[PDB]
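Within every chain, numbering begins at 1; the chains are lettered A, B, ... in the order of the sequence lines, protein sequences first and strands thereafter.
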Amino acid sequence: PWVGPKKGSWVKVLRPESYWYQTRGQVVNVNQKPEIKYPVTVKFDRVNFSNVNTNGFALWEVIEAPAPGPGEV
Amino acid sequence: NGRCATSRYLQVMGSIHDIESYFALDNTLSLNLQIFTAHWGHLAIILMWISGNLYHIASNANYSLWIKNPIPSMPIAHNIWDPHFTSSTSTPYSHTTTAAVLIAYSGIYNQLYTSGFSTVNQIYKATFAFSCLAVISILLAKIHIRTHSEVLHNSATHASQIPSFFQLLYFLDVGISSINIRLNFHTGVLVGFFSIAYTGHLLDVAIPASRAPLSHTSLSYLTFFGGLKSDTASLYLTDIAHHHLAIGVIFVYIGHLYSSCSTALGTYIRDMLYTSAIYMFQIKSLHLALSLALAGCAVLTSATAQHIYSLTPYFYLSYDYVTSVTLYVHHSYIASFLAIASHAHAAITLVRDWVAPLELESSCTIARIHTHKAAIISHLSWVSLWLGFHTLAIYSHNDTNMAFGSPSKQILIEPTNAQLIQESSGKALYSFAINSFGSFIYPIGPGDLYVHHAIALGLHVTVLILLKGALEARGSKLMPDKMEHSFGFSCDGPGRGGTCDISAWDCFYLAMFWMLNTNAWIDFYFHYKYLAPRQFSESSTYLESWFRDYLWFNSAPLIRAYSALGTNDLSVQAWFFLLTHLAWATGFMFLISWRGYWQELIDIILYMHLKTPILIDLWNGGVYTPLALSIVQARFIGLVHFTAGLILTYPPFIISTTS
Amino acid sequence: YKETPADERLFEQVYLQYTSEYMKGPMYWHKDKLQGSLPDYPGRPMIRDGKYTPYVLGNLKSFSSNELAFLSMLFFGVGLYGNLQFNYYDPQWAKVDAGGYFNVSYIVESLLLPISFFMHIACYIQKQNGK
Amino acid sequence: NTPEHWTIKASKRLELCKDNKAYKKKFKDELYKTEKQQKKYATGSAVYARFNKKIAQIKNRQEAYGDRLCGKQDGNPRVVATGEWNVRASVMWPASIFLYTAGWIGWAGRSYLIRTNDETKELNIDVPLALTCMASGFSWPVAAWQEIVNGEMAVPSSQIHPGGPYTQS
Amino acid sequence: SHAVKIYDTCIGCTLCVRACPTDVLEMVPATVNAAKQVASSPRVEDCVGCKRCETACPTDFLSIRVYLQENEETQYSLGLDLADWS
Amino acid sequence: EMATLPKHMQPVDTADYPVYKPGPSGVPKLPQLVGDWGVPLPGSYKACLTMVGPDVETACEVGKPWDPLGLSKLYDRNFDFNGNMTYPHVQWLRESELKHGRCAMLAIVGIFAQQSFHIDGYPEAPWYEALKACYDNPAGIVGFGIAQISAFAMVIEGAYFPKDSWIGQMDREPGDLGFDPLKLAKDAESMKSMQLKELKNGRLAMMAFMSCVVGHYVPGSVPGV
Ligand code: CLA
Ligand code: CLA
Ligand code: CLA
Ligand SMILES: CCCCCCCCCCCCCCCCCC(=O)OC[C@H](CO[C@@H]1O[C@H](CO)[C@H](O)[C@H](O)[C@H]1O)OC(=O)CCCCCCCCCCCCCCCCC
Ligand SMILES: CC1=C(C#C/C(C)=C/C=C/C(C)=C/C=C/C=C(C)/C=C/C=C(C)/C=C/[C@@]23O[C@]2(C)C[C@@H](O)CC3(C)C)C(C)(C)C[C@H](O)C1
Ligand code: SF4
Ligand code: SF4
C-alpha cells in the first residue's frame, strides 16, 4: 500500500528549517522502501535561496492540504 | 599553544572580558565571583577617577579664584606639561610667564561650589578620602574572593550524609545571584537611604554655605518653590533637599517589598513574574540582567542630559556657555551607547541564555514575540520608510523652493500636538506660580517638527536593526541554524546568494552607525537651536540652512585656530578636529576593503621579509606568523575608527563655536 | 529484523514521553527546579488548573470574599473622597503656601484607592476560588 | 481655556499673512530681486517678457497666500495638520486624495498579481489585464473593506512562512 | 580546526565531495536514502572553511554544515604557505 | 489503498495549535481576571443571523441582519488576522447595543424633562452642562446625589458584567439583566416581540440623542435643535 501521500497531491511542509515551511508543494513521488528516512518528494513553484525547486521530506514533515488558491503560497 | 598567528592578539582582546567564554571557568560560581571582583575593581577605577579630578582641581587649577567671580572667570582643568610645545616664545595657553592651563568644560566646578566646597583644603580632603575609598574597594574584592574560596573548601571538607549533597552545587553563589534580597537592599539603602543621606548633607553643608546669614537647620530648609533662584540662576538648594528627602522616603518604603533576610515577610519576584502579564523569564540570566540595567541607565542618562540643561541645578552653570552644551552632548552620547548596549545584550541573551520551548508551545513573552517577529519587523520597516520618505521629501521641497528663492512655497506644518502639550504644561506651571522655569518650554516651530520627525526616524531605524538582530539571532529564513554558531561570526559563505553580515553581532555593527547618526542629529538640533534660536526658527526648515548657517558658518574659528598668522587657545581643538577626521577616514578602509586582498598583500610582505638577507636568518615567521585581520575583527576595527572619528570630531566644534 | 527509521522514531517518541514524565517527577534534580526557578514554591501553588489560587493573595488568602469585597469598596470610597477633596473640592496648596500643614487625613486616605483596586482583584480571586 | 481656542486660527504664534509684516517684507524683497534681475536685459526682449510673467506669478502668489496663516517671526505660510477641513492650507484634502490614489495603485496591483499568479506574467505584462485592473481599482475602498470583512484579504499566519526556527525541532 | 558535520537528510549526490578543495569528504555506504550512500568528513583537520560543500549542497537546508572555529585555527585550516607550524 | 500511518509517524500540523490555545504540552495559559477567556470559536456571523433585530426597516428579516459594513464578521476575521480576539463577538455587540438603547432612551426624555422641570438644590444649567456643573459645585445635596448615581451605576455594571460575551460564550442572553419587576413579558413569543420593540425604540433614542448632541455642537446640522 501507499505509505505516504498520493502522487500529485498537495502537501503542506512542516519542517521548520525548510524554505517552504508551512507552504504547500506537490508530492512528486514517495519512496515505499521502509528504510528511507525522507521518502516523500515535494516540488514547489518558488525556488529557495539556492535556486532549488524540490526537496525530500519524511512522512511526519508533510501533511495533506488543498491546492493553493489565488494569491496563496 | 605555540602554533599561533598575529590574529591571536585580536582574538584574545575581543573577548578578554567575555568571562563566560573563559577556558577553565567551570561553573556559574566561578563566573559570578569573577564578575563580582571585576565590579569591585571597576568601582576602584571610578573612585580613582574622581580623586584625580579633585586633585587636579585643587593643585593645577583656580577654584578659589573662580568661586569669587564665577560669571566671567573660566575654570582650569589641569596644566599642560608637553615638551613638544614651543620654548622660544610663550604658548597661547600661558600668561607669557606662566604655566600653560586648560579650561574645564565638565561643570565639576559648579558641582563642587553648590555642594559646598569653599576652600582648596576641602577638595584635598576629598581627594584623599576617595583614594582611601578606592583602597577599600580593592580590599573588599580581595575579602570576597577569600570568603568564597573558604566556602568551596568547606563544601569540599564537609558533606551531607544523604546523596543529595550535590544540591549544594547550586547555592555556592547564592550571595551573588540572589535577586530578592539584592533588590530590597538596593532600592531601600542604595537609593532611598542614599537620597536621605544626601538630604542630610545638603541641610548640614550646602545650605549654610550658600546662605550668607547663619540659620539653624530646620524644616524651613525644606521648601516647594519651583524654578530657578535668580541670583545663582539655579534650582533652589532648599528644594533639591526636599526633593531628595521625598524620593528617599518613597524608596525606603518600597525597599521592604521582597523577602530578603527572612521568609516571614515580603513577596517573591518569581511569584510576581509568574502571576503577571509577562509569564516568566531567565531572571538568573546575567545577560538579561545586564540588558535591563543598561536600558534603565540609558533612560536615566537621557533624562539627566535633558534636565540638567532645562532646569539648572548647579550654581552659575547656565552662565557657562560651553559647559552646558558639553554636558548635554556627553550624556546624550552615553545614553545612546547604553541603549544600544541593552539591545545587544538582549540579543546575546537570546543567543546563549534563553531556553526556548518547543515550537508550537507559546507560554513565555519571548516565545510570543518570536511567533510574530515577522509582523514586528515589517511594521517597524513601514514606519521607518514613511518617516524617511516624508521627512526627506518635505526637506527637499523646502530646499528646492528656497534655492529658487520662494520661501512662501515651503511646506511648513505647524507642530500643533507639541504646542498643545506645551501649552497645557505652561498652564499648569502658571497655576502653580499663581498659587522661573527656563528652557523647559521653547518656541517650537515647523523646523522643530521636521527635526523631531527626523530624530523619530533615527530611533525607529536603530530599533529596527537591533530588533531584527535580536529576533533573528537564534534562527532566520536565510540561516535557520543560527543558534549553533557564536554571537559574532564572519559569514556563512558565498552560497545561498551570499551571506555577508548575517550574524546578530553584524546587526549591532549596523545599528551602531545609526545610533551615531541619530545622536548626531540630536546634538546638531540642540547645538543649532542653542547657538542661534532666531535663525534656527526662521531657517531650519530646509537642509541648506543646516549645511550653511550651522556647519560652514560656525566652522571659521576652529579652522582659523592655528595658521600662518599665528595660533590661539583653540589650536589644540583644531588639531584634534583633523586627527579625528583622519581616524574616520581610516575606519572607512576597514569598512570597505575586506580581508582577502589584505591577506594576499600580507603574504607578499611576508615573502619579502623572508627573502631579506639578514632578517630571514633570525625571523622564521613560524611564531606569530603575520596574518590579515579576520572578517569580524576588521568589521569591529573599522567600526571603532568610525565611531572614534565621528564622536571626537564634534567636541572641538562645539567648544570652538560656544567659546 | 531491521530497525527502520519509523522504528527509531517510535523509540525516540516513547523515550521522550517517559523521560519527560520522569524529569517532571521528583527523581530528577536540575538547577531549574530550585525554589525561585520554574517550579512553584513548596506549599504555595500560585496557579492551579489555569486559575489563580488563594496563595496569590499572600496573607489575604484567609480573608473571605465577602469581607474582601467590603474592604475594597470601603477603601475605594475613602480614597476617592480623599483624592477629590485634596485636589479639587478642598485644595491644600494655598494653605501650605501660606504656611499651614496639610490635612494629614487626605494623604493617608488617598493611598487607599490603589489599595482598593488590588483589594478588588483579590476579592474576585477569592470569590472565583469558592471562598 | 475655551473650546473656541481649539481651532488653529485662534493661536498666538500665528497671524494672517496679509497682515504679517515679515510676510510682506519677504515678498517685497522677492519682487525687488526679480525686478532688478529683469532690468539687466533689454526692454523688448523675450527674457523681459518672461520676467514680466514671473513678476505677475509672484504677485498672484502673494494675493493667494495672503489668506493663509503664517508665523509672526518669519511670516511664511503654514500647513494646518490638526484635522480641520474648513481651513486654508488644510492637510486633509491632499491627505484624502493621496490616500485614495495610493489605495487605487495598491489595489490594482494586488489584483493583477492575484489574477496572474505567474512569474512569466509578472515579467511579460498582460497589458489588457493590467489596464483592466488599473481601471477596476477605482472602487478599492468598498472592495477592500468587503474583502477584509469576508476574509478574502488576509490569510492565516499558519499558511505563510513564519520565519527562521528559534527552537529545537 | 573547523567542524564539518553531516545530517541524515543527505541524499548522497557527492557534490560536496566533488567541490571539496582539500579532500576532506568521502562518500560512504548507507541505507538511509535511495542512493545508498552518505558523505562523511574524516579529514576535518584539512577543512579550510570555504563552505563550497555548503554551496553545492542541494537539500532544502544543508545536509552538510561547516562550523567555523576561529579560536582553534591550525595551519591546515588557515592554508599557511610561507610559514610552517609543523 | 492507504497504509495507516502510525501515531509516531503522523505529522503534527501547526494550524492545530493556535496562539490563543495551549500548545502540545497542554499547559493552561495564564488565568484571565476580566473573564475566563475560553478557547474562542468562530460563530459571530451565525449568531448574528440567528439573532432578532432586523425587521423591514432596512428591507431585512431575521436571518438577514442589517450589517452593510459587516462589523459582526470581524470576530470571525480575527482568527485569520492574529489569532487574538481583538474584535468583539456579536453577543458583545448586542449587549452594547441594548445598553446604548436603554441609556439613550433615558437620556432623550432626560434632556426634555431637564429643559422643562427642575429639582431644588441642584445647579441650573443646560442638559449639555448639568453634569459638569454638578461636578464643579458639589455642595448641599448635589455631591451626595451624584455619588449615589455613580455608585449605583458601578455596582450594576460590576454585578452584570457581560462575562465572556466578547467571545460569545456568555451564559445569559445579551442584555438580559433579569430586571423584570412587573413580569410584563414572560412568554417566548411576547419576549421576542418585546425585544424587537425595545431594540427599535432604543435605536430611535440613540439616533435622537446623537442628533441632539450634533445639532447643539454644530448649530445648523439639525433643524429642530
Ligand atoms: C571583567 C570586566 C567587567 C567590568 C570592568 C565590569 C563592569 C561593570 N559591571 Mg559587569 N559584568 C561583566 C564583566 C565586567 N563588568 C561580565 C562578564 C558580566 C556577565 C554578563 C557582567 C554582568 C554585569 C551586570 C549584570 C551588571 C554589571 C554591572 C557592572 C558595573 C559594576 C558596578 C558599577 O560600578 O556600576 C556603576 C554604575 C552606576 C553608578 C550606574 C547605576 C545605575 C544603573 C546602572 C541603572 C539602574 C536602572 C534601573 C534598573 C531602572 C530605572 C528605572 C527608571 C528609568 C524609571 C560596571 C559597569 C552593573 C551595571 O551597572 O550595569 C550597567 C550590572 O547591572 N555587570
Ligand atoms: C585617511 C584614510 C586612509 C588612510 C590613512 C589609509 C592608509 C593606507 N591605505 Mg588606504 N584606504 C582608505 C583610506 C585610507 N587608507 C579607504 C577609505 C579605502 C577603501 C577604498 C582604502 C583602501 C586601501 C587599499 C585597498 C590599499 C590601501 C593602502 C593603504 C596604505 C598605503 C601605504 C602607506 O601606508 O603609506 C602611507 C601611510 C599613511 C599615510 C598612514 C599614516 C602615517 C602617518 C602620517 C605617520 C605615523 C606617525 C607615527 C609613527 C604614529 C605613531 C602613533 C602611536 C604612537 C600611537 C596605508 C596604510 C594600500 C597598501 O596597504 O599598500 C601597501 C592598499 O593596498 N588603502
Ligand atoms: C505594588 C502593589 C502591591 C501589591 C499588589 C502587593 C501585594 C501583596 N503584598 Mg505587598 N508590598 C507592596 C506593594 C504591593 N504588595 C509594597 C510597596 C511594599 C513595601 C512596603 C510591600 C511589602 C510587603 C510585604 C513585606 C509583604 C507584602 C505582602 C503582600 C500580600 C498581602 C497584601 C496585604 O495584605 O495588603 C493589605 C495590607 C495593607 C494595605 C497595609 C499596608 C501598610 C504598610 C505600611 C504599607 C503601605 C505603604 C504605602 C503604600 C506607601 C507609603 C508611601 C509614603 C509616601 C507615605 C500581597 C501578595 C505579604 C505577603 O504575604 O507576602 C508573601 C508580605 O509579607 N507586601
Ligand atoms: C574616545 C571617545 C570616542 C570613541 C569611543 C569608543 C569607540 C566606540 C566603541 C566601539 C563600538 C563597539 C563596542 C563594543 C565592544 C565589544 C565588541 C566585541 O567584543 O566584539 C569584537 C569582536 C569579538 O571577536 C569575535 O568574537 C566572536 C564571538 O562573539 C568570535 O569568536 C569571532 O571569531 C571573534 O572575532 O571581534 C574582535 O575580536 C575585535 C578585535 C579587537 C582588537 C582590539 C585590540 C586592540 C586594543 C587596543 C585598545 C585598548 C583596549 C582597552 C580600552 C581602554 C578603555 C578604558
Ligand atoms: C432629537 C429631536 C427629536 C426627536 C426624536 C425621537 C424620534 C425621539 C425618540 C425617543 C424615544 C423612542 C424615547 C423612548 C423612551 C423610553 C423610555 C423613557 C422608557 C423607559 C422605561 C423604563 C424606565 C422602564 C420600563 C419597565 O419595563 C421595564 C424595563 C421592566 C418592567 O418590569 C417595569 C417597567 C414597565 C417600568 C424631534 C423632537 C423629532 C426633533 C428635534 O430636533 C429634537
Ligand atoms: S567571505 Fe566576505 S564577501 Fe564572501 S560571503 Fe563571507 S562575508 Fe560575504
Ligand atoms: S569548507 Fe571547504 S575545505 Fe572544508 S569540508 Fe567544506 S568544501 Fe571541504
Side-chain angles (χ1 to χ4, degrees), chain B residues 28-29 32-33 35-36 39 144 147-148 151 164 167-196 247-286 288-290 292-293 296 364-365, chain C residues 29-48 51-63 68 71 111 114-115 117-119 121-123 125-126 129 131, chain F residues 30-31:
Chain B
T28 43
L29 158 59
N32 294 1
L33 187 45
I35 293 161
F36 200 41
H39 292 185
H144 286 122
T147 51
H148 283 265
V151 174
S164 70
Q167 152 164 52
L168 185 46
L169 157 65
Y170 314 129
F171 301 110
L172 291 188
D173 55 305
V174 71
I176 302 170
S177 61
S178 52
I179 310 195
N180 293 332
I181 180 146
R182 194 169 59 199
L183 270 161
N184 250 349
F185 270 95
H186 280 197
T187 190
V189 186
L190 183 64
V191 186
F193 193 70
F194 207 46
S195 324
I196 282 158
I247 297 200
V249 159
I250 279 162
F251 275 112
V252 162
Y253 259 98
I254 293 167
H256 302 70
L257 199 142
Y258 307 90
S259 75
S260 52
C261 299
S262 79
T263 50
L265 305 164
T267 47
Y268 296 91
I269 197 157
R270 184 225 158 262
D271 277 4
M272 302 169 206
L273 298 172
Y274 189 47
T275 54
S276 87
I278 66 202
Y279 193 66
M280 202 155 47
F281 34 93
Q282 311 245 292
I283 60 183
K284 317 206 76 54
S285 185
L286 279 170
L288 186 94
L290 184 47
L292 274 156
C364 56
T365 296
Chain C
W29 282 31
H30 194 71
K31 79 163 174 23
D32 285 18
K33 289 224 285 160
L34 304 158
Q35 308 183 176
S37 294
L38 302 170
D40 287 326
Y41 288 85
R44 282 188 274 99
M46 311 286 268
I47 292 166
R48 272 223 191 291
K51 186 182 299 320
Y52 282 138
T53 53
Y55 293 106
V56 174
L57 319 185
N59 259 291
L60 302 163
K61 66 193 183 302
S62 298
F63 285 61
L68 276 165
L71 257 52
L111 276 312
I115 297 164
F117 167 76
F118 290 117
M119 199 83 80
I121 281 150
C123 159
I125 279 155
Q126 213 72 341
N129 265 256
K131 256 195 68 57
Chain F
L30 190 81

Tell me, do C:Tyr52 and C:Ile47 make a side-chain contact under 4.5 Å, heavy atoms counted?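 Yes; the side chains approach each other to less than 4.5 Å.
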Would you sort out whether C:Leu34 and B:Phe171 count as a side-chain contact (heavy atoms from CB on, under 4.5 Å), showing the intermediate values? CA-CA 10 Å; C:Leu34 304 158; B:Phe171 301 110; 3.6 Å; yes
Drop me the distance from [X]'s [atom1] to [Y]'s [atom2], to the nearest 0.5 angstrom.
X: C:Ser62; Y: C:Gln126; atom1: OG; atom2: CD; result: 8.0 Å
X: C:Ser37; Y: B:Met280; atom1: OG; atom2: CE; result: 8.5 Å
X: B:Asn180; Y: B:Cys261; atom1: CG; atom2: SG; result: 11.0 Å

Can you list every pair that meets salt bridge (charged side-chain N to carboxylate O under 4.0 Å, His left out) and has a residue in residues 53-62 of chain C, with sequence neighbours left out?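 As it turns out, there is no salt bridge (charged side-chain N to carboxylate O under 4.0 Å, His left out) pair with a partner in residues 53-62 of chain C once direct neighbours are skipped.
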Inter- and intrachain pairs under salt bridge (charged side-chain N to carboxylate O under 4.0 Å, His left out), touching residues 37-46 of chain C, at least two apart: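 Found B:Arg270-C:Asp40, B:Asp271-C:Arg44.
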Test item: B:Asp173 side-chain N/O and B:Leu33 main-chain N/O as donor-acceptor pair under 3.5 Å: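 Side chain of B:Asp173 to backbone of B:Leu33: no pair is present.
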Verify, without hydrogens or angle tests, whether C:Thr53 (side chain) and C:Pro45 (backbone) share a donor-acceptor contact under 3.5 angstrom.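 Yes, C:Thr53 side chain to C:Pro45 backbone: donor-acceptor pair under 3.5 Å.
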Ring pair (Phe, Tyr, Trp, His ring centres under 6.0 Å) with [X]: which residues, sequence neighbours excluded?
X: B:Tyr170; result: none
X: C:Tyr55; result: none
X: C:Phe117; result: C:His120
X: B:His144; result: B:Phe36, B:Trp40

Before we go on, tell me: are the rings of B:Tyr268 and B:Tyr258 under 6.0 Å apart, centre to centre?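 No, ring centres 6.0 Å or more apart.
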